[PDB]
Protein chains: 2
Amino acid sequence: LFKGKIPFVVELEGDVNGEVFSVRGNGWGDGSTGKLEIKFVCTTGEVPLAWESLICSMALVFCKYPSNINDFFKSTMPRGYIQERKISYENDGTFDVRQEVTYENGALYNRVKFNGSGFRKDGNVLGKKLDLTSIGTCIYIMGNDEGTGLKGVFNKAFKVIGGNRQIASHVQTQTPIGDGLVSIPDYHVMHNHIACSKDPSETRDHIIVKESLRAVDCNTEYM
Amino acid sequence: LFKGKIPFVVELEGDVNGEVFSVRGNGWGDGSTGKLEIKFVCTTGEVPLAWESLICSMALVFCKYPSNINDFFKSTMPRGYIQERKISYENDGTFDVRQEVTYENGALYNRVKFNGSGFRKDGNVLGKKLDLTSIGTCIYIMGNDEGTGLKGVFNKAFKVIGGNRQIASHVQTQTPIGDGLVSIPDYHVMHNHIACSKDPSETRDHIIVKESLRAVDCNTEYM
């Protein structure tokens, strides 16, 4: 299903320190090259927080997997998987995020419930002081202890506009939505790249995201 | 000072859940290739915990740095730097670690105070149920907020013998020991590899470690 560009559609309902907002993204992902491009629009007016804080919540199924690592994400399709994260910001609040990642009508949908609490008034998140202009991130992927799904961990070192860097710590799980046979990997990493940009022509609150995604047998490739 | 193999000497005084032990390592590191080899011996009898839990505490100065990233570690030599870590194990205790990394008499010394508390009796650390046979780790390196030193973060996904994987979360700082001019980088990563082995000939409690260390401009290389 993932040999070639396919539509990538995102629906995020957000609730951060009791500020409710909706985001819709349309673009494309290519699971054989590990590339995607998508434009996110806030449909309820303006995001009450850093766009950058939304980006990883808004499709690791598009990751370019080598043939020697089990690709859990593609193995669950078309029914797909649940992707859940706790994201903890150094000196700031916490996001609780639940995603349904499914293949429907020839398209990959990321449907996201994005909740945040404890965020600080003069913090980088509510202050919108974060930047992902061009940034590499390494994500740890492995089988959960029961061998029914995935767990993972990673940091993002967000650029802080007029500051230094802000670490957000992510804990993730992925569990299949269906009862079909799934493929469980051992420990590996994703080398991921984000570039975020704004259309100066566009008048609505939005952000354009390009990602690169590659699964890496770091146990071999780091030697 | 780091163009070619030079002696690498480690002295670790350890205190884990009130169990005191000493480790001495001798080997070599090569800062131009980013390789090192060292054999660690417990001099007080036996390590009262997983060797694997000691390995990253027991010389990022040996990291192969490209010319487009500031190499803080080599910029501090010969006086060298302090390297401090809090290491937190999922469902287990915490290590507090202070290192002095100095160049003395043509050799690179890592002098380590390794403290651990809250470790669980039937846990993977005191139970010695961890393995680093062949494992890749990605370390985040960046300038601290004051621009006087480094901060960093990383996970190690330890193999658990007869289990799955155990995440240890590391927070690190590096601060110069001297008053000399130091070179402060922006965010990048190290792709590091560990291979641990035992000499079946050797009769003392020991472990042999080979590391690969490369500094990576992930903001470019992950695209």
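Residues numbered from 1 in each chain as written, not as in the entry; some residues may be left out. Chains lettered and ligands numbered in written order. Heavy atoms only, no water.

- Method of determination, as annotated in the archive: X-ray crystallography, at 2.0600 Å resolution.

Observations concerning the overall build of chain A
Then, in step 1: A count of helical and extended segments in chain A gives two helices and twelve strands.
Then, in step 2: Radius of gyration (C-alpha) of chain A: 17 Å, near the 17 Å computed for a compact globule of 223 residues.
Then, in step 3: In terms of overall dimensions, chain A has a C-alpha envelope of 45 × 40 × 30 Å along the principal axes.
Then, in step 4: Looking at chain A as a whole, 56% of its 223 residues qualify as buried. (Helix = DSSP H or I, 4+ residues; strand = E, 2+ residues; numbered from the N terminus. Rg over C-alpha atoms; globule rule 2.2 N^0.38 Å. Buried < 20%, exposed > 50% of the residue type's maximum accessible area, 1.4 Å probe, protein only.)

A closer look at the side chain of A:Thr137
Then, in step 1: By the element assignment, A:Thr137 lies in strand β8 (residues 135-143).
Then, in step 2: Non-local contacts of A:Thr137, meaning those with residues more than four positions away in its chain, are made with A:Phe154, A:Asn155, A:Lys156, A:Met190, A:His191, A:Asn192, B:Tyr140, B:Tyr187 and B:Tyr222. (Contact = heavy atoms within 4.5 Å.)

Some details on the pattern of salt bridges
Then, in step 1: Evaluation of the coordinates by the stated rule reveals 26 salt bridges over all chains.
Then, in step 2: A salt bridge links B:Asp186 to A:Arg165; its shortest N-O distance comes to 3.3 Å. Note that B:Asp186 is positioned in the loop between β10 (165-176) and β11 (188-197) and A:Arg165 in strand β10 (residues 165-176), a pairing that runs across two chains.
Then, in step 3: Of the residues examined, B:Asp186 reaches a relative accessible area of 46% and is grouped as partly exposed.
Then, in step 4: B:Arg111 serves as the salt-bridge partner of B:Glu11, at 3.3 Å between the closest nitrogen and oxygen.
Then, in step 5: When salt bridges with common partners are traced through the structure, they connect A:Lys39, A:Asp199, A:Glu202 and A:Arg204 into a single cluster. (Salt bridge = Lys/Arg side-chain N within 4 Å of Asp/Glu carboxyl O.)

Considerations on the relation of the copies chain A and chain B
Then, in step 1: Of the transformation superimposing chain A on chain B, the axial component is 0.0 Å and the angular component is 180 degrees, with the fit at an RMSD of 0.0 Å. Given the turn and translation reported, the copies of this chain are related as if by a two-fold rotation axis. Minimal C-alpha separation from the rotation axis in chain A is found for A:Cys138, amounting to 3.5 Å. (Least-squares fit on C-alpha atoms.)

Some words on the packing of aromatic side chains
Then, in step 1: The tally for this structure, following the rule as stated, stands at 26 aromatic pairs over all chains.
Then, in step 2: Seen in terms of ring centroids, A:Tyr65 and A:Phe73 are 6.3 Å apart; in terms of plane orientation they differ by 50 degrees. Their pairing is tilted.
Then, in step 3: Of the residues examined, A:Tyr65 reaches a relative accessible area of 14% and is grouped as buried.
Then, in step 4: When the ring of B:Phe95 is compared with that of B:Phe114, the centres are 4.5 Å apart and the planes differ by 40 degrees; the resulting orientation is tilted. Of this pair, B:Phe95 sits in strand β5 (residues 94-104) while B:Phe114 sits in strand β6 (residues 107-117), placing them 19 residues apart in sequence.
Then, in step 5: Owing to a relative accessible area of 0%, B:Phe95 belongs among the buried residues under this scheme. (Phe/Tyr/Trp six-rings, centres within 6.5 Å; stacked < 30°, edge-to-face > 60°.)

A short note on the pairing of β10(B)
Residue and element names in this part refer to chain B.
Then, in step 1: Of the pairings in the sheet, the one linking strand β4 (residues 81-89) to β10 comprises nine bridges and is antiparallel in character. Looking across to β10, one finds that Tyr89 is bridged to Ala168.
Then, in step 2: Pairing of strand β9 (residues 150-160) with β10 involves ten bridges; the strand directions are antiparallel. Considered in β10, the bridge of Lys151 is made with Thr173.
Then, in step 3: The turn linking β9 back onto β10 is made up of four residues, and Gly162 within it adopts a positive phi angle of 80 degrees. (Pairing = 2+ DSSP bridges.)

Focus: unusual backbone geometry
Residue and element names in this part refer to chain A.
Then, in step 1: Cis geometry marks the peptide bond from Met77 to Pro78, where omega comes out at 5 degrees.
Then, in step 2: With a phi close to 45 degrees, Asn17 is a non-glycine residue in the positive phi region.
Then, in step 3: Position of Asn17 relative to the elements: it lies in the loop between β1 (5-16) and β2 (19-30).

Some remarks on the pairing of strand β6 (residues 107-117) of chain A
Residues and elements named next belong to chain A.
Then, in step 1: Relative to β6, β1 runs parallel, the two sharing nine bridges. What sits directly across from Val9, in β6, is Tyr109.
Then, in step 2: If you look at the hairpin formed by strand β5 (residues 94-104) and β6, you'll find two residues sitting between the two strands, and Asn105 has a positive phi there, around 55 degrees.

Section: the side chain of B:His206
Residues and elements named next belong to chain B.
Then, in step 1: Along the chain, the position of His206 falls in strand β12 (residues 206-216).
Then, in step 2: Since its relative accessible area comes to 4%, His206 is described here as buried.
Then, in step 3: One polar contact links the side chain of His206 to the main-chain amide nitrogen of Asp199, over a distance of 2.8 Å.
Then, in step 4: Within polar-contact distance, the side chain of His206 engages the backbone oxygen of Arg204 at 2.9 Å.
Then, in step 5: Once residues within four sequence positions are removed from consideration, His206 is found in contact with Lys39, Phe40, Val41, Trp51, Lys198 and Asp199. (Polar contact = N/O pair within 3.5 Å; in protein donor to acceptor, adjacent residues only side chain to side chain.)

Description of the interface of chain A and chain B
Then, in step 1: On the chain B side, the residues contacting the 30 residues of chain A number 30 residues.
Then, in step 2: Considering only the side of chain A, the residues that lose the most area to chain B are A:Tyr140, A:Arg165 and A:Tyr222, jointly responsible for 24% of the buried surface there.
Then, in step 3: Our count for the contact surface shared by chain A and chain B stands at four salt bridges.
Then, in step 4: Note that B:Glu90 and A:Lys151 form a salt bridge whose closest N and O atoms lie 3.2 Å from each other.
Then, in step 5: Inspection of the region where chain A meets chain B yields 24 residue pairs in polar contact.
Then, in step 6: Sorting the residues of the side of chain A that touches chain B by element identifies β8, β9 (150-160), β10, β11 (188-197) and α2 (218-221) of chain A as the ones contributing at least two each.
Then, in step 7: The element best represented in the side of chain A that touches chain B is β8(A), accounting for seven residues. (Buried area = accessible area lost by both parts, 1.4 Å probe.)

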